[PDB]
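Engineer:
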Amino acid sequence: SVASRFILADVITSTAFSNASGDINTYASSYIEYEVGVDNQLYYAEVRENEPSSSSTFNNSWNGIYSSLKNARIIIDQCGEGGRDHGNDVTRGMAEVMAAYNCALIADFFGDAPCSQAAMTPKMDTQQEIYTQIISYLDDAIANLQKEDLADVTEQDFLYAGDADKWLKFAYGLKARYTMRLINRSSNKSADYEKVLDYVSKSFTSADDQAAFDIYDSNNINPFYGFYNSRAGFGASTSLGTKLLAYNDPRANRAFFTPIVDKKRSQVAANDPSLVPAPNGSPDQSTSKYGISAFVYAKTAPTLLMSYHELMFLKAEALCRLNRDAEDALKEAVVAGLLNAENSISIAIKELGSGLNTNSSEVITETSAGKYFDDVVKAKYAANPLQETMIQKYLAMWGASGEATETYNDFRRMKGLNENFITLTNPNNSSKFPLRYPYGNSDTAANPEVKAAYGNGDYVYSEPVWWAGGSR
């Protein structure tokens, strides 16, 4: 038994570092081609050999998400009447938001799964049932966050330093994310799009409001950076480079580093052969052959539980689907995405120091980004509003921020909507594009229901999740 605030510190840390931007994000990066898995486990994921369908693969992530959920629930109980932490309603609300967040990771990645009974052998809840719980948590949160605390949670709130109004914005931001998530299943899409717009209006007003776990240092590292630091397992994505080059996106000439040659990597354009980008779905296995995204060296970049740019892309997507003008919204989203990219790129350059030869590329600014939007994106948006909007969301959400996780949700949601806006080139996707993550072996062992649902794991390639038009 410990005070809820101390538990919350852990829940926030674990949700950012291990849950949202850990292995779930690592593998997503490969699946939607932000990166190429070039060594060991991620190599096998890349070429789709066993790895994507094995119950072992996400066992740790699985256990971690359930652990964080349990802890959040302990806070919620402790903060209730009769609880040791009674009167800490604001802390309670924060915990309710983290509970929602973790339930969503469960539902989004694994589909139907234990929830209501997790935290005998818990039954599996339908993904729809989990989403009902998710929204319910957020509604609870919205109410509680407007109350008070007895004990000051400030130093334990690694997200917002005790600012309940920012949490409230975050809760609405999540309502937007989750409303759009389930759109395929809606009985009234227009009402849903209008809800998204309303929720956005009550959410982040700028990047300063965004839900960022920004406590990384020399000694406490970013998890994306961490993976590369530990495994050197990513290579620069060819498919991604093709897109960037086609658009002449500012990041094309700025977000890529060559392999190490004579003790130096060099910052090069996506089409410079010295980059040695990795072919999606077919690299040679090696931790030294292929070039990389700048993002793998973004040691202290924050983990974005939900970005301002993502929120603006939601706003833009909602307007597009409503047949309304999304231009201003899209610009705001593209510029914010570029500025976040530049933040991480700069962190990475600083971290590499003398290990890197920079090119002559200019720092991406609010001005340069805006001009790029005007010069390139605006016309493409005019031509195909929705399509362009989602391509841009996709390009913005590439980084060290932990956003692959969410990009992978968007990709699969588009699939369920029979939309083909984001091109993937992995040849193994003909029959081995993972529609979901396999259940953790901890539960295939302990839970006959989960064991039955996991089968031999082939289902990960044939059974979409419910919000994607699936049944389980």
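Residue numbers for the sequence shown, in the entry's author numbering: 39 to 157, 168 to 520. Don't be surprised by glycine CBs; every beta carbon is placed ideally from N, CA and C.
Which residues does DSSP pair with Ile340 in a beta bridge?
Structural biologist: As a working note, residue 340 is residue 292 in the sequence shown. Answer is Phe305, bridged to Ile340.
Engineer: Taking just the CA atoms, how far does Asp123 sit from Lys398?
Structural biologist: Here the question's residue 398 lines up with position 350 in the sequence shown. Here the question's residue 123 lines up with position 85 in the sequence shown. Rounded to the nearest angstrom, the two C-alpha atoms are 44 Å apart.
Engineer: Any chance you could list the alpha helix (DSSP H) runs of at least 4 consecutive residues sitting entirely within the region 250 to 303, in chain order?
Structural biologist: If we require 4 residues or more, the alpha helix (DSSP H) runs fully inside the region 250 to 303 come out as 271 to 279, 286 to 295.
Engineer: Look at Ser285 and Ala255 and say whether their C-beta atoms are less than 8 Å apart.
Structural biologist: The residue given as residue 285 occupies position 237 in the sequence shown. The residue given as residue 255 occupies position 207 in the sequence shown. Result no, Cβ atoms of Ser285 and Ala255 do not sit closer than 8 Å.
Engineer: Could you have a look at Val74 and say whether DSSP puts it in helix, strand or coil?
Structural biologist: For this step, residue 74 is matched to residue 36 along the sequence shown. Strand, per DSSP.
Engineer: Distance check for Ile70 and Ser287, CA to CA, integer angstroms please.
Structural biologist: The residue given as residue 287 occupies position 239 in the sequence shown. The residue given as residue 70 occupies position 32 in the sequence shown. Computed Cα separation, rounded: 10 Å.
Engineer: Measure the CB-CB distance between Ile103 and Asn57 and report whether it falls below 8 Å.
Structural biologist: One-based indexing of the sequence shown puts residue 103 at position 65. One-based indexing of the sequence shown puts residue 57 at position 19. Yes, the Cβ-Cβ distance between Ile103 and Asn57 is below 8 Å.
Engineer: Excluding the 5 residues preceding and the 5 following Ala318 in the sequence, name in chain order all residues of the same chain whose CB lies nearer than 7 Å to its CB.
Structural biologist: Taking the first residue of the sequence shown as 1, we reach residue 318 at position 270. Taken in chain order, the residues that qualify are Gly289, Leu292, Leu293, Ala300, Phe304.
Engineer: When you compare only the Cα positions, how much space is there between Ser234 and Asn109?
Structural biologist: Here residue 234 refers to the residue found at position 186 when the sequence shown is read from its first residue. Here residue 109 refers to the residue found at position 71 when the sequence shown is read from its first residue. The alpha-carbon atoms of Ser234 and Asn109 are separated by roughly 32 Å.
Engineer: Which residues in the same chain have their Cβ closer than 7 Å to the Cβ of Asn88, if we skip the five residues on either side of it in sequence?
Structural biologist: Working through the sequence shown from its first residue, we reach residue 88 at position 50. Here the set comprises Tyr82.
Engineer: Please list the terminal residues of the continuous alpha helix (DSSP H) segment that includes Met354.
Structural biologist: Here residue 354 corresponds to residue number 306 of the sequence shown, with the count starting at 1. Careful: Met354 lies outside any alpha helix (DSSP H), inside the beta strand (DSSP E) at 351 to 354.
Engineer: Please say whether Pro331 and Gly283 have beta carbons closer to each other than 8 Å?
Structural biologist: For the purposes of this step, residue 283 is taken as residue 235 along the sequence shown, with counting starting at 1. For the purposes of this step, residue 331 is taken as residue 283 along the sequence shown, with counting starting at 1. For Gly283 and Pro331, yes; Cβs fall inside 8 Å.
Engineer: Looking only at its chain, what residues have a beta carbon closer than 6 Å to the beta carbon of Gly518, apart from the 5 residues adjacent to it on each side?
Structural biologist: Within the sequence shown, residue 518 is the residue found at index 470, counting from 1. Around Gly518: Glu511, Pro512.
Engineer: Within 10 angstroms of its Cβ, does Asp422 collect 16 or more other Cβ (buried), or is it exposed?
Structural biologist: On the sequence shown, position 374 is the one that residue 422 refers to. It is exposed - the Cβ of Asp422 has fewer than 16 other Cβ atoms within 10 Å.
Engineer: Determine which residues share a DSSP beta bridge with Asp173 and list them.
Structural biologist: Your numbering for residue 173 matches position 125 in the sequence shown. Beta-bridge pairing links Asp173 to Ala151.
Engineer: Once DSSP output is grouped into helix, strand and coil, what is the label at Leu387?
Structural biologist: Counting from 1 along the sequence shown, the entry for residue 387 is found at position 339. Helix, per DSSP.
Engineer: Hey, how far is the Cα of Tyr356 from the Cα of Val498?
Structural biologist: Start at 1 with the first residue of the sequence shown, and residue 356 comes out as number 308. Start at 1 with the first residue of the sequence shown, and residue 498 comes out as number 450. Each residue's Cα considered, the two are about 36 Å apart.
Engineer: In whole angstroms, give me the CA-to-CA distance for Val344 and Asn407.
Structural biologist: Translated into positions along the sequence shown, residue 344 becomes position 296. Translated into positions along the sequence shown, residue 407 becomes position 359. So the alpha carbons of these two residues sit roughly 18 Å apart.
Engineer: Touching or not, the region 95 to 102 and the region 125 to 135, by the rule of three or more beta carbon pairs under 8 Å?
Structural biologist: Short answer: they don't touch.
Engineer: Do you know offhand how far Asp213's Cα is from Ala157's?
Structural biologist: As a working note, residue 213 is residue 165 in the sequence shown. As a working note, residue 157 is residue 119 in the sequence shown. Whole-angstrom Cα-Cα distance: 29 Å.
Engineer: At the level of alpha carbons, what is the spacing between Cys368 and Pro433?
Structural biologist: Residue mapping note: residue 368 aligns to position 320 of the sequence shown, counting from 1. Residue mapping note: residue 433 aligns to position 385 of the sequence shown, counting from 1. Between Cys368 and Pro433, the C-alpha separation is close to 6 Å.
Engineer: For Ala54, which option in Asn489, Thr351, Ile269, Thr169 has the closest C-alpha, if you only look at C-alpha atoms?
Structural biologist: Taking the sequence shown and counting its residues from 1, the one referred to as residue 54 is at position 16. If we check each option's Cα against that of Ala54, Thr351 comes out closest.
Engineer: Measure the alpha-carbon distance for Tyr179 versus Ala145 and round it to whole angstroms.
Structural biologist: Counted from its first residue, the sequence shown places residue 179 at position 131. Counted from its first residue, the sequence shown places residue 145 at position 107. About 7 Å.
Engineer: Which class does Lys195 belong to by DSSP, given the choice of helix, strand or coil?
Structural biologist: Counting from 1 along the sequence shown, the entry for residue 195 is found at position 147. It is coil, neither helix nor strand.
Engineer: Hey, how far is the Cα of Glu467 from the Cα of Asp197?
Structural biologist: For the purposes of this step, residue 467 is identified with residue 419 of the sequence shown, where counting begins at 1. For the purposes of this step, residue 197 is identified with residue 149 of the sequence shown, where counting begins at 1. Whole-angstrom Cα-Cα distance: 46 Å.
Engineer: In whole angstroms, what separates the C-alpha of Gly75 from that of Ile308?
Structural biologist: For the purposes of this step, residue 75 is taken as the residue at position 37 of the sequence shown. For the purposes of this step, residue 308 is taken as the residue at position 260 of the sequence shown. The alpha-carbon atoms of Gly75 and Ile308 are separated by roughly 18 Å.
Engineer: Within 8 Å, do at least three Cβ pairs link the region 377 to 388 to the region 433 to 447?
Structural biologist: Output reads yes: the region 377 to 388 touches the region 433 to 447.
Engineer: Ignore the nearest five residues each way along the sequence and tell me which others in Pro482's own chain have a CB closer than 7 Å to its CB.
Structural biologist: Counting from one through the sequence shown, the residue named residue 482 turns up at place 434. Counting only Cβ-Cβ distances below 7 Å, and skipping sequence neighbours, we find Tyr69, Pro90, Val508, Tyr509.
Engineer: Rounding to the nearest angstrom, what Cα-Cα distance links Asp240 and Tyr226 in this structure?
Structural biologist: Here residue 240 is taken as the residue at index 192 of the sequence shown, counted from 1. Here residue 226 is taken as the residue at index 178 of the sequence shown, counted from 1. Taking the straight line from one Cα to the other gives about 10 Å.
Engineer: Taking C-alpha atoms, which residue in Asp297, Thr253, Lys237, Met172 lies nearest to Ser409?
Structural biologist: For this step, residue 409 is matched to residue 361 along the sequence shown. The residue with the shortest Cα to Cα distance from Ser409 is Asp297.
Engineer: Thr492 to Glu390, Cα distance in whole Å?
Structural biologist: Locating residue 492 in the sequence shown gives position 444, where the first residue counts as 1. Locating residue 390 in the sequence shown gives position 342, where the first residue counts as 1. About 42 Å.
Engineer: Helix, strand or coil for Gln204? Go by DSSP, reduced to three states.
Structural biologist: Residue 204 sits at position 156 when you count from the first residue of the sequence shown. If DSSP states are grouped into helix, strand and coil, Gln204 belongs with coil.
Engineer: Near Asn192, what residues of its chain come up, given a Cβ to Cβ distance below 6 Å and the 5 sequence neighbours on each side ignored?
Structural biologist: Residue 192 sits at position 144 when you count from the first residue of the sequence shown. Once the five neighbours on either side are set aside, the close Cβ partners of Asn192 are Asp127, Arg130, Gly131.
Engineer: Look up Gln315 in the DSSP assignment and give the residues it is bridged to.
Structural biologist: As a working mapping, residue 315 is identified with position 267 in the sequence shown. For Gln315, which the question treats as bridged, DSSP gives the partners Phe305.
Engineer: In terms of alpha-carbon separation, which member of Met462, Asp376, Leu400 lies closest to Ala430?
Structural biologist: As a position in the sequence shown, residue 430 is number 382, starting the count at 1. The shortest C-alpha separation from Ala430 is found at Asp376.
Engineer: Considering Cα atoms alone, identify which of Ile470, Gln194, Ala138, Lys480 is closest to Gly221.
Structural biologist: Locating residue 221 in the sequence shown gives position 173, where the first residue counts as 1. The shortest Cα separation from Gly221 among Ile470, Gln194, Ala138, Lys480 belongs to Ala138.
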